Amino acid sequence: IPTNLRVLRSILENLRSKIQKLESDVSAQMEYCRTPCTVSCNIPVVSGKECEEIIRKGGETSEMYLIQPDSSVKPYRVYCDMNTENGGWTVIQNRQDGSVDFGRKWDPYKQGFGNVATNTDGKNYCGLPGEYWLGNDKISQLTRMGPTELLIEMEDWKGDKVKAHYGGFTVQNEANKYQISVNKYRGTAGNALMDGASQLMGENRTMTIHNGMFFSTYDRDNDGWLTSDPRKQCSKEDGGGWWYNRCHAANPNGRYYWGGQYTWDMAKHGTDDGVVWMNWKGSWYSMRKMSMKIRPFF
């Protein structure tokens, strides 16, 4: 009987405007996208099979380097971390500013995408990494060259850091759906890849273990979740390609939420998509920084 059409009319008019703002913003971005961003990355002289060989060859600064795992494929650009834990780490995945889209299909994830590195402000070389996914074929060929360890690093929006170290890491080729395998964990972020979400029990925790999983993209379902509904796929819901199970305890290639904290009503599908690592900050916190690097294991 009382004041009602008052409030209901207010919100609708407010949303009308919000839509006006969003249309403006999206319309402006489209114009900016008529031309691309650019970089100029002069190539270091020293090269090798990978970053470890490069550092042993004298390349002691973290920047973009050219590597050639094997005479088979052509040399390609990669970012080498020559300072973290004795350097020699070949970055295969990097998150730090949400500047690159990770919600891509099988082929892009197969070929690799994003920016390996950008200019060091006033320099001719690119000493800063960009956001990128090295490429499933490439990551696979690198891990099968010999024993390989994996170093996963992350940072929250407050500046806290934690690492997940895996002494053994392998990724099979395409014919094997880039199956993943890791072991020999250690660190301070919690073993989410092997043991699963440290905040779940029995069956629930087990379905979030990545170790042994196949790789899935929203257009290629190889997850450990059986359903008949085409919309019930881990990759379509949690954003991006990953070794999803049912579904995850870690979502390194998830959507980049600014601010960290996010909730079910912000998420496109209500699920916990986002740069998540449950064993440390929970399911609704998106890391500010997240990266995956490898190095030959000695």
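Definition used throughout: the rigid core is the maximal C-alpha set that superposes within 1.5 Å between two forms. Counting begins at 1, following the sequence as shown.
With each structure aligned by its rigid core, the stretch whose Cα atoms sit farther from this model in 4 other deposited structures of this protein, between 221-229 and 182-190, is 221-229.
When the other structures are laid on the shown form by the core, the C-alphas of 231-239 and 247-255 differ in how far they drift in 4 other deposited structures of this protein; the larger average drift belongs to 231-239. Averaged over their C-alpha atoms, the temperature factors of 120-128 and 89-97 are higher for 120-128.
Checked against the record, the higher mean CA B factor of 219-227 and 164-172 lies with 219-227. In this structure the maximum Cα B-factor among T143, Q199, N115, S181 is found at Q199. Residue-level inspection of the entry shows that, of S235, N42, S27, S47, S235 has the top Cα B-factor. In the PDB entry, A249 places in the middle third of its chain by CA B-factor. Among all modelled residues in this chain, the alpha-carbon of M194 has a temperature factor (C-alpha) in the highest third. Per-chain ranking of the deposited C-alpha B factor places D273 in the middle third.
Remark: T35 belongs to the middle third of its chain, ranked by C-alpha B-factor as recorded. Annotation for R205: CA B-factor lies in the highest third of the chain's modelled residues.
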